[PDB]
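The sequence lines fix the lettering, A, B, ..., with proteins before strands; numbering per chain opens at 1.
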Amino acid sequence: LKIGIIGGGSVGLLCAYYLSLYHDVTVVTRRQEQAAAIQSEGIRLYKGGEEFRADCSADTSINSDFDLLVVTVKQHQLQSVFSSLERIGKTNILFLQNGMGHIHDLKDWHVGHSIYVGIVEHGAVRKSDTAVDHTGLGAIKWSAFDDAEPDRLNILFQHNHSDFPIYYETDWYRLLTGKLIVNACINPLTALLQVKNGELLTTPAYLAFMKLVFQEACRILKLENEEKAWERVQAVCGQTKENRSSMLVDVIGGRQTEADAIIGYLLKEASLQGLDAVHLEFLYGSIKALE
Amino acid sequence: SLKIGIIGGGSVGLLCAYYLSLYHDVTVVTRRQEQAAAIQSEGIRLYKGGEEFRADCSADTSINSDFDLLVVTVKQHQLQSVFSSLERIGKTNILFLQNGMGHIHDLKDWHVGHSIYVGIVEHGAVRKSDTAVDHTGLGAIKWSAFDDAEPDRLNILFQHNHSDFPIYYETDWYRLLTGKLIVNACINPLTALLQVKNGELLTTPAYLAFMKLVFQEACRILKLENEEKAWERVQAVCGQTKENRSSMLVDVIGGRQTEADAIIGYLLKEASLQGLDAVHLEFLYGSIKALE
């Protein structure tokens with residue numbers, strides 16, 4: 001089976017290494033220089049002290065009939081990808097973008113492809129055009145979008161390396177919002193307060209502010225069980241209690257953030273339902289300023 | 001004449017030194033000898049809309065006279081050393097013109113023989129150099145007695161002033177100070193985080209709503225007499241300064257210590273003493289402090 005990975009960023013290279021253990025992989029990239037380099041060297045994965053190399057093809061456009069295309073580009077790059085995908089024969093496409101900003105776009109992208117969405121819980125850092133460091137051993141979880149048939153991806157993902165496990169979930173909306181609610185409540189606050197996830201629980205005022213944010217976002221996302229979801233946010237917080245969140249990390253290092261993909265999404269949905277999002281908008285304004 | 005020491009050689013200190021020098025013997029007590037030397041050298045220059053005046057003034061790096069009045073204009077962070085000097089001199093009149101109300105907690109439990117006065121500065125003033133200040137905003141100083149100080153003590157001192165340096169007595173120190181604090185507390189922290197000019201608080205629906213939430217906390221902590229009127233004022237002053245970047249926004253952009261402790265930190269201490277919640281104030285404080 002042929003798999004195409006669209007995007008040669010950290011996530012795209014990580015996916016390329018692990019999936020090439022089972023399948024014929026091609027990295028589809030926007031830079032001829034990256035394509036050539038992968039074509040010559042394959043992909044290098046680092047994990048702990050150890051280095052491994054996977055043979056992988058590359059190309060700057062889609063020139064094969066891929067059984068699956070995995071989209072790993074950032075929101076800046078998504079519209080150009082839709083256009084490319086419109087020019088190919090019906091196949092399976094899995095979008096792995098962080099946040100839910102792209103979902104408005106997906107809802108009204110009407111094509112004949114079978115669409116799947118997923119979340120990447122791994123940590124990865126790109127080192128060069130051909131090299132990636134697997135810094136956090138996580139998982140990928142995926143679901144069918146718009147009634148696509150899950151069994152189209154089951155054979156592809158049946159067997160994986162124990163460090164690349166892949167889990168299916170039936171409800172894509174629950175899947176994406178379960179992750180989004182957590183990131184929305186934690187990431188902005190730790191970025192502005194510059195504290196570990198754990199101090200959000202241990203400072204009564206910070207916990208109370210996170211609850212205000214939660215109550216706004218939970219309403220916007222129309223989550224099924226408010227109290228259970230709030231338990232989960234606090235529980236995910238206690239489990240990651242020593243972590244400087246990803247956005248806090250982006251912040252000390254002056255990298256642009258997932259503010260658009262995470263909070264921007266809540267703002268657009270709040271506007272459409274005529275919902276109030278005072279705390280979310282303040283956080284959005286404050287993080288956009290730091291960028 | 002009478003002797004006045006101005007503690008602090010920032011914008012307000014130089015402005016007060018210029019105008020009080022017209023009637024009295026002034027010394028500016030500056031922390032840097034180079035400023036003290038430079039004032040003692042070409043005097044103080046004040047710029048006021050096309051005119052430039054010069055006043056001769058003394059200067060020093062320590063309080064080593066018995067002044068008839070001391071006027072304290074330094075940032076809160078240096079206030080601690082000031083207090084320490086204020087113990088080794090003879091009892092006198094001290095007028096605190098500090099921004100914020102963090103000094104009010106220090107003064108509350110201050111055992112001294114000093115007569116304590118407290119006031120606000122409504123002038124616009126911008127320090128141009130070690131010796132020069134631009135009087136950009138023709139305002140006033142307003143002052144009150146703190147605790148049991150006798151107001152009449154400042155009668156002769158403030159009997160005569162330049163038309164552009166008026167000074168007004170107000171009977172209620174707490175109303176005077178809180179009335180300026182409610183405004184600073186609502187505008188400054190918010191602008192510092194959002195990095196927008198003041199007017200952007202009024203014209204962005206969510207930002208205005210967030211300001212209101214901050215106002216409601218601060219208003220309750222301070223126990224402000226007329227709440228509806230104070231809220232109008234906050235929005236009013238926002239309107240008057242629409243194109244301005246607040247002083248706290250400026251401090252944050254510049255990597256300088258802010259007046260968070262004197263503005264917000266005081267409200268936090270007060271919320272705590274009353275078992276009141278101040279969740280928005282606390283988040284603002286933590287975020288501004290994180291930047292320092």
Side-chain angles (χ1 to χ4, degrees), chain A residues 185-217 220 244-245 247-252 254 259 263-264 266-271 274-291, chain B residues 186-218 221 245-246 248-253 255 260 264-265 267-272 275-292:
Chain A
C185 290
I186 295 164
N187 296 4
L189 277 62
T190 50
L192 294 164
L193 296 172
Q194 300 190 22
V195 293
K196 301 330 155 58
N197 293 2
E199 314 190 43
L200 303 178
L201 302 183
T202 292
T203 315
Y206 296 170
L207 182 61
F209 197 100
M210 186 170 66
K211 197 179 197 281
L212 296 161
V213 176
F214 168 81
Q215 289 174 162
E216 289 172 9
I220 298 172
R244 282 160 154 188
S245 76
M247 196 171 276
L248 170 49
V249 166
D250 282 338
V251 148
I252 355 142
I263 312 167
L266 291 164
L267 298 195
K268 302 273 179 46
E269 282 288 326
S271 174
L275 287 179
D276 152 313
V278 189
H279 296 86
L280 287 168
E281 199 104 30
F282 157 83
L283 299 169
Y284 184 75
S286 304
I287 287 162
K288 288 312 264 178
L290 294 176
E291 298 187 347
Chain B
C186 293
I187 296 172
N188 288 13
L190 265 68
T191 57
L193 272 110
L194 296 160
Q195 302 188 6
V196 294
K197 284 142 175 187
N198 290 9
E200 269 217 53
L201 297 192
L202 288 181
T203 64
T204 310
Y207 295 172
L208 178 73
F210 196 102
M211 204 172 51
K212 207 187 173 161
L213 289 177
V214 173
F215 174 85
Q216 297 178 151
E217 306 182 340
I221 289 155
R245 295 193 298 155
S246 71
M248 186 162 301
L249 177 39
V250 165
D251 283 351
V252 161
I253 285 160
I264 312 163
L267 288 166
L268 298 182
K269 286 162 156 192
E270 289 289 315
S272 167
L276 282 164
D277 288 328
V279 68
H280 299 85
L281 289 163
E282 196 95 76
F283 184 83
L284 291 171
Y285 183 74
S287 303
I288 302 306
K289 292 303 279 199
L291 297 176
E292 298 169 8

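- When all heavy atoms of A:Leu280 and A:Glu216 are compared, the closest pair comes out as N-OE1, 2.9 Å.
- When all heavy atoms are compared, the tightest approach of B:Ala290 to A:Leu193 is CB-O, 3.4 Å.
- Interface remark: A:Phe282 contributes backbone and side-chain atoms alike to the contact with chain B (heavy atom separation under 4.5 Å).
- Judged by distance alone, the side chains of B:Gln216 and B:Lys212 never bring a donor and an acceptor atom under 3.5 Å apart.
- Heavy-atom distances place both the backbone and the side chain of A:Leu189 under 4.5 Å from chain B.
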Can you check salt bridge (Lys or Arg N to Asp or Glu O under 4.0 Å) on B:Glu292 and B:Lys289, steps first, answer last? CA-CA 5 Å; B:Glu292 298 169 8; B:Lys289 292 303 279 199; 3.3 Å; yes
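- When heavy atoms are compared at a cutoff of 4.5 Å, A:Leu283 approaches chain B solely by way of its side chain, counted from C-beta outward.
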